[PDB]
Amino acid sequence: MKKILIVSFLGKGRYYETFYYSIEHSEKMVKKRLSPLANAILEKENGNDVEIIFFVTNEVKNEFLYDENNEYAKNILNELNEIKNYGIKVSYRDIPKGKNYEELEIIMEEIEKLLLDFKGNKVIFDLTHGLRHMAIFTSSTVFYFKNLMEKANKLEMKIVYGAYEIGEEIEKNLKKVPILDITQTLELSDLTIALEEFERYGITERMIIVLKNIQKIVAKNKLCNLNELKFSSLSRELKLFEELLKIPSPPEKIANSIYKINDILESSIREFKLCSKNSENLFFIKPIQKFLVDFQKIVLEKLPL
């Protein structure tokens, strides 16, 4: 149902045909040179509209893509030409090499332009192609962009890439390659900040938002029983506890709120510790576990004396 904009860099390179797949669904494989095209195909199977934007320097365009005697260039130019056949709008943006902070700032400004101009729901940064330099830098700025725009605009940003360096080998230069999604790891700091705010000030807003995102992540693991995780009841109780803080409230009501929150959390912690051990997880468990355990210690430390 959504729209997705896929942003990718494009450098000089071989671009071997590759069996891309999402690590969550290893059954669905797409044979393409460009991870952005494979991802676009996968999202379109999910019922979404997909657009691709490529950042390319004038140097890669003139010196590489248009060299008739470079077969890697001819293959990639052909694939780039055939994306329109899949109903994917494609466009290109020129950027500098990024040799210093001024050029890197220029690149940041161009990305911000994309995010402001895009009127859909979801932006995927595909870091498979282009220089190591671009990938590292972009990966390091995406959380900044997400903080600016997820709030200003209604955009879900994700960072993904085909990890061909660790891919399974079928044939010559033909590899089964998982597209890894590392969005969760960009956002992990939110767990810490939320606990920080709840402990120091009793502020509950970030905790509730975090619990929502944690629910979405943990539902990926279908052996986890959300009726024992109860993240919805936790959020409700947390909001009520904050309301109790906002008004002068009798100590017993705050303690009773804390004991309810603790009671929910212990069964939540037990369920998460169990279910995440009993099935391969397709997310990072350790920070979610740490979040709930610290949440519990913090909440019990709020008890009136």
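One rule holds for the numbers: they count along the sequence shown, beginning at 1.
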property	result
Residue range whose averaged C-alpha B-factor is higher in the record, 219-227 or 125-133	219-227
Stretch with the greater mean C-alpha B-factor as recorded in the entry, comparing 197-205 against 151-159	151-159
Residue with highest C-alpha B-factor in the PDB entry, from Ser268, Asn69, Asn262, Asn39	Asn69
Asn173, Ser91, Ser233, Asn213, ranked by C-alpha B-factor: the highest one	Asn173
Record-listed C-alpha B factor of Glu280: chain third	highest
Position of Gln296 among the chain's modelled residues by C-alpha B-factor, lowest, middle or highest third	lowest
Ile6 - Cα temperature factor, lowest/middle/highest third of chain	lowest
Record-listed C-alpha B factor of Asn58: chain third	highest
CA B-factor ranking of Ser249, expressed as a third of its chain	highest
